[PDB]
Ligand SMILES: Nc1nc2c(ncn2[C@@H]2O[C@H](COP(=O)(O)OP(=O)(O)OC[C@@H](O)C(=O)O)[C@@H](O)[C@H]2O)c(=O)[nH]1
Ligand SMILES: [Cl-]
Ligand SMILES: [Mg+2]
Ligand SMILES: [Mg+2]
């Protein structure tokens, strides 16, 4: 009985840390591409009972419904932590057993990745770090086990929240969880695994 929660911005103010290397339109294109991939991946997962997108944008909300998500309104520019917290409280009020927070910028995410994080015991915090190992690209818990600390040194914050509460932690590290696209270096790493995949799978 896992609810998946994908927080998503307005497309006109998405991936601001790529504004040096992509145009306004190139950032919208990458934002939508990655988000319907994340949403579509969770939607096809036999492990995801329900799928909620949190967004302030009619544009984002229509794309998300079309990909099969239910929609929760959030105000703009509150950050991932408060958008996920809003959803967690709605899901908790509504009887939700477990919730998995997944950002919309994981272009390599697969069924294998969802399955592994969903195999954390119900009474633990499941936690998937980013490539530099300071951030959090997935967390699954009982609604209300810890408060949320997404963005910045989030991995540290989550681990410390679990320690304080004496709650077990299951860390899941993989190529597919770790690469979120925020920075130019991140986009190039994405581009580079997509060329590897032409060669390995095709030629
Ligand atoms: N509804 C709502 N959605 C938002 C908002 N702010 C951003 N998001 C979404 O939260 C997700 C991650 O934003 P991003 O800039 O990639 O965060 P990042 O630095 O990688 O760190 C987050 C997490 O991965 C971590 O490492 O702790 C994306 O799907 C954003 O669109 C917002 O105020 N409202
Ligand atoms: Cl974004
Ligand atoms: Mg990110
Ligand atoms: Mg990140």
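Numbering (the authors' numbering), first residue to last: 12 to 214. The beta carbon of each residue, even a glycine, is placed where N, CA and C say it ideally should be.
For ligand 1, I want to know if residue i counts as a neighbour, meaning its beta carbon is within less than 6 angstroms of at least one of the ligand's heavy atoms.
i           : result
residue 201 : no
residue 89  : yes
residue 18  : yes
Alpha carbon to alpha carbon, how far is residue i from residue j?
i           : j           : result
residue 196 : residue 37  : 16 angstroms
residue 27  : residue 129 : 31 angstroms
residue 124 : residue 96  : 23 angstroms
residue 106 : residue 85  : 20 angstroms
residue 171 : residue 179 : 11 angstroms
Would you say the beta carbon of residue i is closer than 6 angstroms to some non-hydrogen atom of ligand 2?
i          : result
residue 26 : yes
Buried or exposed: which applies to residue i, given that a residue is buried once 16 or more other Cβ atoms fall within 10 Å of its Cβ?
i           : result
residue 60  : exposed
residue 169 : buried
residue 19  : buried
residue 116 : buried
Return yes when at least one heavy atom of ligand 6 lies under 6 angstroms from the C-beta of residue i, else no.
i          : result
residue 47 : As far as ligands go, the structure on display features ligand 1, ligand 2, ligand 3 and ligand 4 and does not contain ligand 6.
Compute the distance between the beta-carbons of residue i and residue j, then report whether it is under 7 angstroms.
i           : j           : result
residue 17  : residue 113 : yes
residue 189 : residue 153 : no
residue 45  : residue 118 : yes
residue 157 : residue 131 : no
residue 102 : residue 14  : yes
(request) With ligand 4 as the reference, list in chain order each residue whose Cβ lies under 6 angstroms from any of its heavy atoms. (result) 141, 146, 191 and 193
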